[PDB]
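Peer 1: work-v6.pdb is reproduced in full below (PDB, C-alpha atoms).
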```pdb
MODEL        1
ATOM      1  CA  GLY A   1      13.902 -13.473 -18.918  1.00  0.00           C
ATOM      2  CA  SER A   2      13.260 -11.545 -15.724  1.00  0.00           C
ATOM      3  CA  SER A   3      13.276  -7.919 -16.807  1.00  0.00           C
ATOM      4  CA  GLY A   4      11.239  -6.013 -14.248  1.00  0.00           C
ATOM      5  CA  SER A   5       7.972  -6.166 -12.344  1.00  0.00           C
ATOM      6  CA  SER A   6       7.156  -9.641 -13.602  1.00  0.00           C
ATOM      7  CA  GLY A   7       9.208 -12.667 -12.623  1.00  0.00           C
ATOM      8  CA  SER A   8       9.014 -16.129 -11.106  1.00  0.00           C
ATOM      9  CA  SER A   9       8.128 -17.285  -7.613  1.00  0.00           C
ATOM     10  CA  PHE A  10       6.933 -14.996  -4.845  1.00  0.00           C
ATOM     11  CA  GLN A  11      10.374 -13.918  -3.692  1.00  0.00           C
ATOM     12  CA  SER A  12       9.517 -11.253  -1.144  1.00  0.00           C
ATOM     13  CA  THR A  13      10.259  -8.000  -2.931  1.00  0.00           C
ATOM     14  CA  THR A  14      10.928  -6.287   0.377  1.00  0.00           C
ATOM     15  CA  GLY A  15       8.419  -7.494   2.940  1.00  0.00           C
ATOM     16  CA  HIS A  16       6.906  -4.202   4.036  1.00  0.00           C
ATOM     17  CA  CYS A  17       3.729  -3.737   2.032  1.00  0.00           C
ATOM     18  CA  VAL A  18       0.283  -2.243   2.498  1.00  0.00           C
ATOM     19  CA  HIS A  19      -2.961  -3.622   1.121  1.00  0.00           C
ATOM     20  CA  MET A  20      -5.738  -1.301   0.013  1.00  0.00           C
ATOM     21  CA  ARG A  21      -9.466  -1.941  -0.124  1.00  0.00           C
ATOM     22  CA  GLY A  22     -12.684   0.016  -0.500  1.00  0.00           C
ATOM     23  CA  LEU A  23     -11.132   2.801  -2.539  1.00  0.00           C
ATOM     24  CA  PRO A  24     -13.052   5.639  -4.206  1.00  0.00           C
ATOM     25  CA  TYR A  25     -13.822   5.598  -7.910  1.00  0.00           C
ATOM     26  CA  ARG A  26     -12.117   8.955  -8.301  1.00  0.00           C
ATOM     27  CA  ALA A  27      -8.983   7.693  -6.595  1.00  0.00           C
ATOM     28  CA  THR A  28      -5.716   7.703  -8.507  1.00  0.00           C
ATOM     29  CA  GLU A  29      -2.157   6.779  -7.612  1.00  0.00           C
ATOM     30  CA  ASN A  30      -1.292  10.459  -7.406  1.00  0.00           C
ATOM     31  CA  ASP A  31      -3.862  10.528  -4.627  1.00  0.00           C
ATOM     32  CA  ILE A  32      -2.745   7.243  -3.117  1.00  0.00           C
ATOM     33  CA  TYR A  33       0.614   8.982  -2.979  1.00  0.00           C
ATOM     34  CA  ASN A  34      -0.591  12.063  -1.138  1.00  0.00           C
ATOM     35  CA  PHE A  35      -2.937   9.888   0.886  1.00  0.00           C
ATOM     36  CA  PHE A  36       0.107   8.364   2.542  1.00  0.00           C
ATOM     37  CA  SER A  37       2.311  11.440   2.532  1.00  0.00           C
ATOM     38  CA  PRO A  38       4.484  12.616   3.757  1.00  0.00           C
ATOM     39  CA  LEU A  39       5.885   9.355   2.443  1.00  0.00           C
ATOM     40  CA  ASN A  40       7.316   7.641  -0.614  1.00  0.00           C
ATOM     41  CA  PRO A  41       5.576   4.407  -1.628  1.00  0.00           C
ATOM     42  CA  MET A  42       7.892   2.221  -3.673  1.00  0.00           C
ATOM     43  CA  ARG A  43       4.933   1.677  -5.971  1.00  0.00           C
ATOM     44  CA  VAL A  44       1.150   1.804  -5.931  1.00  0.00           C
ATOM     45  CA  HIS A  45      -0.582  -0.996  -7.797  1.00  0.00           C
ATOM     46  CA  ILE A  46      -4.056  -0.245  -9.101  1.00  0.00           C
ATOM     47  CA  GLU A  47      -6.350  -3.237  -9.437  1.00  0.00           C
ATOM     48  CA  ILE A  48      -8.671  -2.966 -12.414  1.00  0.00           C
ATOM     49  CA  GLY A  49     -11.937  -4.868 -12.632  1.00  0.00           C
ATOM     50  CA  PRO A  50     -12.935  -5.237 -16.290  1.00  0.00           C
ATOM     51  CA  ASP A  51     -10.535  -3.184 -18.375  1.00  0.00           C
ATOM     52  CA  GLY A  52     -10.757   0.270 -16.840  1.00  0.00           C
ATOM     53  CA  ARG A  53     -13.159   0.272 -13.914  1.00  0.00           C
ATOM     54  CA  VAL A  54     -11.254   0.052 -10.651  1.00  0.00           C
ATOM     55  CA  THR A  55     -12.116  -2.487  -7.979  1.00  0.00           C
ATOM     56  CA  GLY A  56     -11.285  -0.403  -4.931  1.00  0.00           C
ATOM     57  CA  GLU A  57      -8.157  -2.337  -4.041  1.00  0.00           C
ATOM     58  CA  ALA A  58      -4.514  -1.315  -4.164  1.00  0.00           C
ATOM     59  CA  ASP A  59      -1.082  -2.420  -3.013  1.00  0.00           C
ATOM     60  CA  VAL A  60       1.487  -0.087  -1.502  1.00  0.00           C
ATOM     61  CA  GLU A  61       5.120  -1.114  -1.227  1.00  0.00           C
ATOM     62  CA  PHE A  62       7.752   0.438   1.007  1.00  0.00           C
ATOM     63  CA  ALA A  63      11.510   0.117   1.312  1.00  0.00           C
ATOM     64  CA  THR A  64      11.390  -0.137   5.086  1.00  0.00           C
ATOM     65  CA  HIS A  65       8.743  -1.053   7.630  1.00  0.00           C
ATOM     66  CA  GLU A  66       8.496   2.396   9.168  1.00  0.00           C
ATOM     67  CA  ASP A  67       7.311   3.783   5.851  1.00  0.00           C
ATOM     68  CA  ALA A  68       4.557   1.220   6.267  1.00  0.00           C
ATOM     69  CA  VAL A  69       3.398   2.047   9.774  1.00  0.00           C
ATOM     70  CA  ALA A  70       3.754   5.669   8.735  1.00  0.00           C
ATOM     71  CA  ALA A  71       1.463   5.017   5.793  1.00  0.00           C
ATOM     72  CA  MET A  72      -0.755   2.913   8.023  1.00  0.00           C
ATOM     73  CA  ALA A  73      -1.415   6.124   9.916  1.00  0.00           C
ATOM     74  CA  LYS A  74      -3.935   6.798   7.173  1.00  0.00           C
ATOM     75  CA  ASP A  75      -5.782   3.570   7.873  1.00  0.00           C
ATOM     76  CA  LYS A  76      -9.528   3.967   7.508  1.00  0.00           C
ATOM     77  CA  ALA A  77      -9.045   7.689   7.017  1.00  0.00           C
ATOM     78  CA  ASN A  78     -11.278   8.704   4.133  1.00  0.00           C
ATOM     79  CA  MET A  79      -9.039   9.489   1.184  1.00  0.00           C
ATOM     80  CA  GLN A  80     -11.685  11.381  -0.751  1.00  0.00           C
ATOM     81  CA  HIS A  81     -15.274  10.574   0.137  1.00  0.00           C
ATOM     82  CA  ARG A  82     -14.949   6.888   0.932  1.00  0.00           C
ATOM     83  CA  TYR A  83     -13.392   4.718   3.613  1.00  0.00           C
ATOM     84  CA  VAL A  84     -10.524   2.641   2.276  1.00  0.00           C
ATOM     85  CA  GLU A  85      -9.275  -0.272   4.345  1.00  0.00           C
ATOM     86  CA  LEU A  86      -5.541  -0.450   4.937  1.00  0.00           C
ATOM     87  CA  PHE A  87      -3.943  -3.662   6.143  1.00  0.00           C
ATOM     88  CA  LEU A  88      -0.431  -3.387   7.527  1.00  0.00           C
ATOM     89  CA  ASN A  89       1.525  -6.191   5.902  1.00  0.00           C
ATOM     90  CA  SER A  90       5.220  -6.413   6.689  1.00  0.00           C
ATOM     91  CA  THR A  91       7.868  -8.983   7.530  1.00  0.00           C
ATOM     92  CA  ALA A  92      10.090  -6.965   9.837  1.00  0.00           C
ATOM     93  CA  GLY A  93      13.670  -8.041  10.427  1.00  0.00           C
ATOM     94  CA  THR A  94      15.297  -8.686  13.782  1.00  0.00           C
ATOM     95  CA  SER A  95      15.545  -6.472  16.842  1.00  0.00           C
ATOM     96  CA  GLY A  96      16.153  -6.518  20.578  1.00  0.00           C
ATOM     97  CA  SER A  97      19.446  -5.904  22.340  1.00  0.00           C
ATOM     98  CA  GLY A  98      20.378  -7.140  25.793  1.00  0.00           C
ATOM     99  CA  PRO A  99      23.392  -7.584  28.082  1.00  0.00           C
ATOM    100  CA  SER A 100      26.245  -9.702  26.779  1.00  0.00           C
ATOM    101  CA  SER A 101      24.758 -10.858  23.497  1.00  0.00           C
ATOM    102  CA  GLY A 102      24.160 -14.514  24.275  1.00  0.00           C
TER
ENDMDL
END
```
Take the structure in this file and express it as structure tokens.
Peer 2:
Amino acid sequence: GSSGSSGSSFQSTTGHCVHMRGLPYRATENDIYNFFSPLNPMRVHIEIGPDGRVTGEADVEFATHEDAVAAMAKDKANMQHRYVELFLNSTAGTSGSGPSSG
């Protein structure tokens, strides 16, 4: 199978992600998009409680890490009239350059 979105195993999609919590009832992706702008979130997942009512949680995915930290800049910042919690979740690659690469 494996078409898109759904699949098997965790298999880190990218690594750099952002968790959302305590979101407003009148909060929509479109907002979650401008709430992190200027930026481009790979995708904003909206967690639904029953079958329509939101839960206040969301998941933001980014191509790179920067996009994350950049989005993390809006951590706590009230999106509309509520305080959503943003948890910086990334994997980060490798870095650090010195003399004569050992």
Peer 1: Return as AutoDock Vina command-line options the box centre and box size in Å, one decimal, for an axis-aligned box around all listed atoms of region 5-22 of chain A padded by 3 Å per side.
Peer 2:
```
--center_x -0.9 --center_y -8.6 --center_z -4.8 --size_x 29.6 --size_y 23.3 --size_z 23.6
```
Peer 1: Which residues are close to region 29-33 of chain A, i.e. within 10 Å by only C-alpha atoms, leaving aside same-chain residues fewer than 2 positions away? Reply as a ChimeraX atom specification.
Peer 2: /A:20,23,26-27,35-46,58-60,71,79-80
Peer 1: Taking the file above as input, evaluate the PyMOL selection byres ((chain A and resi 55) around 10) and report the hits as an MDAnalysis selection string.
Peer 2: chainID A and resid 21:25 46:50 52:54 56:58
Peer 1: Show which residues sit within 7 Å of residue 89 (chain A), as a PDB file with C-alpha atoms, in the frame of the given file. Count only C-alpha atoms, and ignore same-chain residues fewer than 2 positions away.
Peer 2:
```
ATOM      1  CA  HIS A  16       6.906  -4.202   4.036  1.00  0.00           C
ATOM      2  CA  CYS A  17       3.729  -3.737   2.032  1.00  0.00           C
ATOM      3  CA  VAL A  18       0.283  -2.243   2.498  1.00  0.00           C
ATOM      4  CA  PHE A  87      -3.943  -3.662   6.143  1.00  0.00           C
TER       5      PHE A  87
END
```
Peer 1: Where does the PyMOL selection byres ((chain A and resi 14) around 8) land in this file, that is, which residues does it pick, as JSON, numbers by chain?
Peer 2: {"A": [12, 13, 15, 16, 17, 61, 62, 63, 64]}
Peer 1: Using Å and a single decimal, report how far CA of residue 65 (chain A) sits from CA of residue 92 (chain A).
Peer 2: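 Pair CA of residue 92 (chain A) / CA of residue 65 (chain A) returns 6.5 Å.
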Peer 1: Measure the distance from CA of residue 19 (chain A) to CA of residue 5 (chain A) in Å and round it to one decimal.
Peer 2: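 Between CA of residue 19 (chain A) and CA of residue 5 (chain A) the gap is 17.5 Å.
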Peer 1: Using CA of residue 88 (chain A) and CA of residue 72 (chain A) as the two end points, give the distance in Å to one decimal.
Peer 2: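 Separating CA of residue 88 (chain A) from CA of residue 72 (chain A) is a distance of 6.3 Å.
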Peer 1: Nearest to residue 91 (chain A): which of A:34, A:66, A:6, A:51 is it, counting only C-alpha atoms?
Peer 2: A:66
